[PDB]
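Just the one chain here, the form deposited in one PDB entry, laid out as structure tokens.
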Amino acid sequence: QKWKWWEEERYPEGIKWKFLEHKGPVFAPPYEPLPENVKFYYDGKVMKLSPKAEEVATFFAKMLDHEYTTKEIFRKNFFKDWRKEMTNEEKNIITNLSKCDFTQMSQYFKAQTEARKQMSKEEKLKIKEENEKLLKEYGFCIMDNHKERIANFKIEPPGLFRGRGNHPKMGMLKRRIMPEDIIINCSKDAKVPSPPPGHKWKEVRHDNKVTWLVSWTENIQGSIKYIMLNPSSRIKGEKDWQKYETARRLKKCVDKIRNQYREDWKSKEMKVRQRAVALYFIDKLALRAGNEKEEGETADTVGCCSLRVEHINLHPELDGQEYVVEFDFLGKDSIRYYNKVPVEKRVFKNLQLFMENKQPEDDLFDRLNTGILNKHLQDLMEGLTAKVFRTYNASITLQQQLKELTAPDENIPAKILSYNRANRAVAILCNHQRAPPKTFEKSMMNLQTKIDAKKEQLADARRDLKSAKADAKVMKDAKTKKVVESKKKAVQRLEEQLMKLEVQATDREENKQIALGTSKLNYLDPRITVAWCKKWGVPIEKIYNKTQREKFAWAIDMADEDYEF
């Protein structure tokens, strides 16, 4: 079939859909109690735990290998939640987590993991088929005239929360989501999904102002989780396409905005100076619009508008550079942002004023928040917000770098290296850093041995040609000449193979501490990539895999070699 929704008339404002029907979520299988021979110990004595308490105990047992289970916060949160799950008799015996012995439970689960990787082809194939039919039955939904895939129709099973970074709620229990916690959304004329027998949905609504199918409240942060359509859908795709179109409009007025905030660094009002400086950071350094967050509820991370005095250090001179600002702080996902950046004199002077009479814990930009900044951006350009700058700067950088680095004569592998370097420049800018691949980085040794093996074949082929040429001199004829030809060809193929391996070796090295995934899927206008591929004859499958090819179908079909962001 293949529906090209991008050729349809743009979907109106307000209403998200007219018709919506789906089968609801897929609940995680019920908890299976431990077999008789897997004992739990408390104070050195065997103790049978009721299903509810035993289940929570298995979560802790499966995480016994991780260092975070030794953490104070983790253990405090865990035991407090585990206690709520216990019967009154169990609560009287188990006064603390340290007297407990989860060793046998831990070994059992490891044994099941070994047993599973030893299953027969009959078992394995059968499990795969049950999944496929579950995908056909619950993985799709009908939205206005078309059938579309649902992203995460299977609700995540219960477990223990860990989060990212130093989270205050790690160790807490993510309780099992039940039909009773589920809010279903569908059209008034669709067939309403039936909850499992003996249960009822929390609510059944018909809200065509939203795009979700199922929603529920998660107990850790108290936020609402959703089941929405997949990236290849029209509702997600159209919104992504609009995001890039917004970034393009920003392109034709960014210099106007830059000239304005540069002047604003001189304004009589402090609020205006701070807003102008913040804008400068978001634009030049692509920092995020740090929305304030509740203290003690989330890991301590910050963005632009939430920077504290302690997050920057001013240096009149550093490394022979003038007016250097030293940024050091934890951003999203607790990823450390460290950068020494030379700034304009007026910005440096402004920052010194913003740090006057303040404590290290106080905000750098008092009198400033994301709401005020975005309100201003909305004045400059309709639909402009803080994050649009990240999309714009990432996209313009990719386009520009692809234009400057691609060599017309290079073979596909070399062009891919160029594409990857351009993507890498975007990643470094967005600070999408990564830690060296868990000792598995030594797989560089494997490539090195392969390159050395190839260098040996190439050297062998050189001696063949060297002796073929020598034999061509003595008794010069067209028969020996064709041998010199066939030897040269063999040297050529080997040189290309070597070149390809060396390029792959360089690609991996330069990409040791960088994560390309996020920019690739969220910050780069796919049309830029599509245009580049078509222009140089690089098969799109070399850049985008199957799932990515589905998400960006709109760009792949609607974008020629002459597309310009």
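Numbering starts at 1 and runs along the sequence shown. Between two forms, the rigid core is the largest collection of C-alphas that superpose within 1.5 Å.
There is also a form deposited in another entry; it is not shown, and the following applies to it.
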(request) Go through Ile73, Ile335, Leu494, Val309 and flag the only one whose CA is off by 2 Å or more between this form and the one not shown, rigid core held fixed. (result) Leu494
(request) Establish whether a shift of 2 Å or more occurs at the C-alpha of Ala472 between this form and the one not shown, with the two forms superposed on the rigid core. (result) yes
(request) Could you check whether the CA atom of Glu485 moves 2 Å or more between this form and the one not shown, using the rigid core for the fit? (result) yes
(message) Superposing on the rigid core, I want to see if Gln457 changes position between this form and the one not shown - specifically a Cα shift of 2 Å or more.
(response) yes
